[PDB]
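Only one structure is covered here, and it is reproduced in the block below.
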Amino acid sequence: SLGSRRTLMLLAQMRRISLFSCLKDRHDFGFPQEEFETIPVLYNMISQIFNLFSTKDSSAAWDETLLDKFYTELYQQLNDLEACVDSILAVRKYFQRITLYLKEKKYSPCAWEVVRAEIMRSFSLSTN
Amino acid sequence: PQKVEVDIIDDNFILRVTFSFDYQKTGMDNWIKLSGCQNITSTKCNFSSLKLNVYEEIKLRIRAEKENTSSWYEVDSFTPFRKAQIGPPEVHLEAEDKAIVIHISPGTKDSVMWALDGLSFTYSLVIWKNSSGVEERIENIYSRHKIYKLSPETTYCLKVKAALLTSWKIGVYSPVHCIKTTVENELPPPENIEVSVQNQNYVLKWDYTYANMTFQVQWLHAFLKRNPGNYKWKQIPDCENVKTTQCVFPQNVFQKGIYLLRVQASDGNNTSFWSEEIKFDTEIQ
Amino acid sequence: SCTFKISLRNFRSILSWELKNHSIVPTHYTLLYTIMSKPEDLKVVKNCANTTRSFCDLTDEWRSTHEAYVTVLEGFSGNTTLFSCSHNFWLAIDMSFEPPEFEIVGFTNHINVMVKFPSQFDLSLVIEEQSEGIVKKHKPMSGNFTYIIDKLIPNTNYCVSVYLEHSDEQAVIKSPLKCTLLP
Ligand SMILES: *[C@@H]1O[C@H](CO)[C@@H](O)[C@H](O)[C@H]1NC(C)=O
């Protein structure tokens, strides 16, 4: 709702460098968007973003104030989903693909931008 | 080759001779052996950094060799993840006069199975008095958590199981752990906490029932209670060691977001234990 | 370097740019783009290559609000290319929605509002009805679209504005007021 608009802005603000200089490192992650009643896939989706941007590795890559405001948006998002109460296997495998990409890239600055911009698409897709 | 039926906890395999270990993914051609699981004693093989992802749907082969002959035990192609059950969580306690604190993490910390799913655990437990055995069941807790309304010098026991609201998947229980709350706090805690705004600045007040106490007030981001590993309460400065039952500080002190609060009483010699906690939006109007 | 503004005007997305601190200024400009989600080659945008004018109509190029677009603008005067700026855009955040052309006609107890549309987003239409200091939102899209504000009264001046609303949080750009009394 207000969380998506206010969440993407934070992702948007977090950018540390030119996207043009990172074009080389772009890669198709094949996000399974057909998955996007649906709540169980969403809670799965988010819990991964949270637990992903919470690594010691993520912390070195992004502004702490932005990261924080970010966790806060998702934190409230998870409670909302918690309350109401294979696809995930596919959504989980996707994050396996992402995790692997970063490793291989040794978490290069550009490799992090490739992923940030990709999560904005994944998230925005799942929200509309 | 008569097939075998195998269950999973965390990063382990459990059968239910000496043994060897293979798999071929659906889409199988080759057959590879997971290290350390060839010619082994036990019926559980651990594979952290042994198997790359547990998100595929595999097929297993088991070589069971009794004397001079080795039998063939296949395994119906499964997905590890779908079968995996959450291992017993790790439990850590800190005792008080009226209350207990819980710090919790997945057993098999850094589990390859869990990967990311870990920051997302919901925990649920059952606790009771040592002799009374009155069990108050408490589901849906967060990685670290505090329990109030208890009697001093009293031994409580408990076991914890993990759960993931995410996949229907739910976990095995920790061992039971017990502790005996300390003797009652001499200075009891400030008790009912409430916050309000006036003009732009901020103010909150509590009930300490004794005269001449100071109060060191602290805050925490609300979301950090779900993040068990590695966490610091920051103190609110205008309020540091105030002489009265309220203290104030302006709007700009908290950026918009969601926080946790707590309050402490001290006479300068024996301090008190902390008040109960509270949260707010940082949005009102 | 250069500032990029992206607007949507009467159903078309216009990317425009301004230059900060340039002594030699370009004659012909060329704009390119790709997206981040796949490693695709920069496509030059057809209509915007070596144009004189600073603005490009990207409506047929940028369909989805779900991509991170990366653009490069190049400018030339000479046997010389002079420089090329890059920038990024997220349509759902960076866009700005310009208000439709509109007319009103006052009748006895009501007003005809004809919003001119020509013949891609989740946008909502709000026709504001304002009078005696009091504002009402009406939320009733191809070719000319008529909306009637009814239950109006004789001898009372009413003022009207229309605008497009993506999300409430993002700002809204309103048309000028047009006003009339009922006959
Ligand atoms: C706690 O009670 C249990 C039985 O519920 C008993 O096994 C144990 O020894 C008791 N511990 C103490 C210190 O009283």
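Simple scheme: letters A, B, ... for chains in structure tokens order, numbers from 1 for residues in each chain, numbers from 1 for ligands in the order shown.
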
Show me, as a short mmCIF file (atom, residue, chain, number, x, y, z; two decimals) with N, CA and C atoms, in the first residue's frame, the residues of chain A whose atoms get within 8 Å of chain B, using only C-alpha atoms for the distance check.
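The resulting file, iface_36.cif, is shown below:
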```
data_model
loop_
_atom_site.label_atom_id
_atom_site.label_comp_id
_atom_site.auth_asym_id
_atom_site.auth_seq_id
_atom_site.Cartn_x
_atom_site.Cartn_y
_atom_site.Cartn_z
N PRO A 40 0.80 -16.50 0.94
CA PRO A 40 1.93 -17.35 1.34
C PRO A 40 3.18 -17.12 0.49
N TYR A 43 4.71 -13.53 1.85
CA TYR A 43 5.45 -13.60 3.10
C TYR A 43 6.78 -14.26 2.84
N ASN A 44 6.77 -15.33 2.04
CA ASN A 44 8.02 -15.99 1.65
C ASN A 44 8.94 -15.01 0.95
N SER A 47 10.33 -12.27 3.50
CA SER A 47 11.18 -12.74 4.58
C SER A 47 12.57 -12.97 4.04
N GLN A 48 12.66 -13.11 2.73
CA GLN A 48 13.95 -13.34 2.10
C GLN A 48 14.72 -12.05 1.89
N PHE A 50 14.32 -9.27 3.72
CA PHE A 50 14.74 -8.90 5.05
C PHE A 50 16.04 -9.63 5.37
N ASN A 51 15.95 -10.95 5.40
CA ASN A 51 17.04 -11.80 5.84
C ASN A 51 18.25 -11.69 4.89
N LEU A 52 18.02 -11.18 3.68
CA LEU A 52 19.09 -10.92 2.69
C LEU A 52 19.87 -9.63 2.88
N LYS A 69 15.72 2.42 7.71
CA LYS A 69 14.36 2.82 7.37
C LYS A 69 13.71 1.70 6.58
N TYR A 71 14.34 -1.81 6.77
CA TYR A 71 13.97 -2.90 7.61
C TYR A 71 12.63 -2.56 8.25
N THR A 72 12.52 -1.31 8.69
CA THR A 72 11.32 -0.83 9.35
C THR A 72 10.10 -1.02 8.46
N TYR A 75 9.49 -4.73 8.21
CA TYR A 75 9.14 -5.27 9.51
C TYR A 75 7.62 -5.16 9.63
N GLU A 82 1.77 -11.74 8.69
CA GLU A 82 1.80 -12.73 9.72
C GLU A 82 0.35 -12.83 10.20
N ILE A 88 6.80 -21.13 -3.36
CA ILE A 88 7.84 -20.63 -2.49
C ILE A 88 9.15 -21.34 -2.79
N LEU A 89 9.06 -22.62 -3.15
CA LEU A 89 10.25 -23.40 -3.44
C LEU A 89 10.90 -22.70 -4.62
N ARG A 92 12.22 -19.43 -3.46
CA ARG A 92 13.40 -19.64 -2.65
C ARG A 92 14.62 -19.92 -3.55
N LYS A 93 14.44 -20.76 -4.57
CA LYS A 93 15.50 -21.08 -5.53
C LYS A 93 16.05 -19.82 -6.21
N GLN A 96 18.39 -18.30 -4.18
CA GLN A 96 19.60 -19.09 -4.30
C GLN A 96 20.44 -18.59 -5.46
#
```

Give the residues close to ligand 1, within 9 Å, counting only C-alpha atoms and all ligand atoms; write them as a ChimeraX atom specification. /B:129-133,155-157,178-180

Nearby residues (only C-alpha atoms) at most 10 Å from residue B:219, same-chain spacing under 6 positions excluded, as a PyMOL selection string: chain B and resi 232-236+259-263+277-279

Can I get the selection written as a CSV table (one decimal), in the first residue's frame, with N, CA, C and O atoms?
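Contents of out_12.csv, as written:
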```
chain,number,residue,atom,x,y,z
B,232,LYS,N,22.3,-3.2,20.2
B,232,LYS,CA,22.5,-2.3,21.4
B,232,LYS,C,21.4,-1.3,21.6
B,232,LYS,O,21.0,-0.5,20.7
B,233,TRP,N,20.8,-1.4,22.8
B,233,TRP,CA,19.9,-0.3,23.3
B,233,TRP,C,20.7,1.0,23.4
B,233,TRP,O,21.7,1.0,24.1
B,234,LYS,N,20.2,2.0,22.8
B,234,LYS,CA,20.8,3.3,22.9
B,234,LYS,C,20.0,4.1,24.0
B,234,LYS,O,18.8,3.9,24.0
B,235,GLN,N,20.7,4.9,24.8
B,235,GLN,CA,20.1,5.7,25.8
B,235,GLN,C,19.5,7.0,25.3
B,235,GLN,O,20.1,7.6,24.4
B,236,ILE,N,18.4,7.5,25.9
B,236,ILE,CA,17.9,8.8,25.5
B,236,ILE,C,18.6,9.9,26.3
B,236,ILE,O,18.3,10.0,27.5
B,259,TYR,N,10.0,2.2,17.1
B,259,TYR,CA,11.0,1.9,18.2
B,259,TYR,C,10.4,1.2,19.4
B,259,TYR,O,9.2,1.1,19.6
B,260,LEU,N,11.3,0.7,20.3
B,260,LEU,CA,11.0,0.1,21.6
B,260,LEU,C,11.6,0.9,22.7
B,260,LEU,O,12.7,1.4,22.7
B,261,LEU,N,10.8,1.0,23.8
B,261,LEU,CA,11.3,1.7,25.0
B,261,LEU,C,11.3,1.0,26.4
B,261,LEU,O,10.5,0.1,26.6
B,262,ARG,N,12.3,1.3,27.2
B,262,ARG,CA,12.4,0.8,28.6
B,262,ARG,C,13.0,1.8,29.6
B,262,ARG,O,13.7,2.7,29.2
B,263,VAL,N,12.6,1.7,30.9
B,263,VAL,CA,13.0,2.7,31.9
B,263,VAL,C,13.6,2.0,33.2
B,263,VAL,O,13.1,0.9,33.6
B,277,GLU,N,8.4,-3.2,28.4
B,277,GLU,CA,8.7,-2.4,27.2
B,277,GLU,C,7.4,-1.9,26.4
B,277,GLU,O,6.3,-2.4,26.6
B,278,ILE,N,7.6,-1.1,25.4
B,278,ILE,CA,6.6,-0.4,24.6
B,278,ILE,C,7.1,0.0,23.3
B,278,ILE,O,8.2,0.2,23.0
B,279,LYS,N,6.1,0.1,22.3
B,279,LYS,CA,6.5,0.6,21.0
B,279,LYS,C,5.5,1.7,20.4
B,279,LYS,O,4.4,1.8,20.9
```

For chain A against chain C, which residues fall within 10 Å using only C-alpha atoms, given as a VMD selection string? chain A and resid 1 to 2 5 to 6 8 to 9 12 18 to 31 113 to 126 128

Stretch 23-39 of chain B environment, 9 Å, only C-alpha atoms, sequence neighbours closer than 3 positions dropped, as a ChimeraX atom specification: /B:18-20,44-47,50-51,56-65,75,77

Restricting the calculation to only C-alpha atoms, which member of C:104, C:24, C:45, C:182 is positioned closest to residue C:60? C:45

Write out as a ChimeraX atom specification all residues of stretch 51-224 of chain B that backbone DSSP assigns to strand (DSSP E). /B:60-66,69-75,84-85,90-95,100-105,122-129,135-141,144-147,155-163,170-173,177-180,194-198,201-205,214-215,218-221

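Distance-wise, atom CA of residue B:188 and atom CA of residue B:93 end up 20.9 Å apart.
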
With DSSP run on the backbone, what are the helix (DSSP H, G or I) residues within chain C? I'd like them as a PyMOL selection string. chain C and resi 46-48+91-94

For the selection you just gave me, I'd like the residues written to a file as a PDB file, in the first residue's frame, keeping N, CA and C atoms.
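Wrote again-v5.pdb, looks like this:
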```pdb
ATOM      1  N   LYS C  46      14.888   5.634 -31.751  1.00  0.00           N
ATOM      2  CA  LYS C  46      14.755   6.039 -33.143  1.00  0.00           C
ATOM      3  C   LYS C  46      14.597   7.537 -33.331  1.00  0.00           C
ATOM      4  N   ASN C  47      13.521   8.081 -32.781  1.00  0.00           N
ATOM      5  CA  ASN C  47      13.127   9.449 -33.070  1.00  0.00           C
ATOM      6  C   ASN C  47      14.024  10.501 -32.436  1.00  0.00           C
ATOM      7  N   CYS C  48      14.770  10.072 -31.426  1.00  0.00           N
ATOM      8  CA  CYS C  48      15.603  10.960 -30.620  1.00  0.00           C
ATOM      9  C   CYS C  48      17.091  10.995 -30.968  1.00  0.00           C
ATOM     10  N   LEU C  91      10.055   4.486 -13.383  1.00  0.00           N
ATOM     11  CA  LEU C  91       8.901   5.243 -13.830  1.00  0.00           C
ATOM     12  C   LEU C  91       7.917   5.549 -12.701  1.00  0.00           C
ATOM     13  N   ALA C  92       7.675   4.577 -11.830  1.00  0.00           N
ATOM     14  CA  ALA C  92       6.707   4.761 -10.759  1.00  0.00           C
ATOM     15  C   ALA C  92       7.076   5.874  -9.752  1.00  0.00           C
ATOM     16  N   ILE C  93       8.357   6.237  -9.693  1.00  0.00           N
ATOM     17  CA  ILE C  93       8.871   7.257  -8.761  1.00  0.00           C
ATOM     18  C   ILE C  93       9.244   8.588  -9.420  1.00  0.00           C
ATOM     19  N   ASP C  94       9.906   8.499 -10.569  1.00  0.00           N
ATOM     20  CA  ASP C  94      10.503   9.655 -11.214  1.00  0.00           C
ATOM     21  C   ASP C  94       9.544  10.349 -12.161  1.00  0.00           C
TER      22      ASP C  94
END
```

Mind pulling up the distance from atom CA of residue B:110 to atom CA of residue A:104?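 Calculated distance between atom CA of residue A:104 and atom CA of residue B:110 is 19.1 Å.
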
Need the shell around residue A:37: protein/DNA/RNA residues with any atom at most 12 Å away, counting only C-alpha atoms. Skip same-chain ones fewer than 3 positions apart. Format as a list in words?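 Residues meeting the cut-off are residues 40, 41, 42, 43, 81, 84 and 85 of chain A.
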
Could you dump the residues just selected with N, CA, C and O atoms as a CSV table (one decimal), in the first residue's frame?
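Output file again.csv is given in full below:
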```csv
chain,number,residue,atom,x,y,z
A,40,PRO,N,0.8,-16.5,0.9
A,40,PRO,CA,1.9,-17.3,1.3
A,40,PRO,C,3.2,-17.1,0.5
A,40,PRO,O,4.3,-17.2,1.0
A,41,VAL,N,3.0,-16.8,-0.8
A,41,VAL,CA,4.2,-16.5,-1.6
A,41,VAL,C,4.8,-15.2,-1.2
A,41,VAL,O,6.0,-15.1,-1.3
A,42,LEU,N,4.0,-14.2,-0.9
A,42,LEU,CA,4.5,-12.9,-0.5
A,42,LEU,C,5.3,-12.9,0.8
A,42,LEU,O,6.3,-12.3,0.9
A,43,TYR,N,4.7,-13.5,1.9
A,43,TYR,CA,5.4,-13.6,3.1
A,43,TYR,C,6.8,-14.3,2.8
A,43,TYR,O,7.8,-13.8,3.3
A,81,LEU,N,1.3,-9.5,7.2
A,81,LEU,CA,1.1,-10.8,6.6
A,81,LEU,C,1.0,-11.9,7.6
A,81,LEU,O,0.3,-12.9,7.4
A,84,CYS,N,-2.8,-12.0,9.0
A,84,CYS,CA,-3.7,-12.7,8.2
A,84,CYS,C,-3.3,-14.2,8.3
A,84,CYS,O,-2.3,-14.6,7.8
A,85,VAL,N,-4.2,-15.0,8.8
A,85,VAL,CA,-3.9,-16.3,9.3
A,85,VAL,C,-4.7,-16.8,10.5
A,85,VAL,O,-5.9,-16.6,10.5
```

What's the 7 Å shell around residue C:162, counting only C-alpha atoms, without same-chain residues fewer than 5 positions away, as a PyMOL selection string? chain C and resi 99+126-128+174-175

When you look at residue A:61 with a cut-off of 10 Å (counting only C-alpha atoms), what residues show up, excluding the ones that are within fewer than 6 positions of it in the same chain? I need them as a VMD selection string. chain A and resid 14 to 16 53 55 67 107 to 109 112 to 113
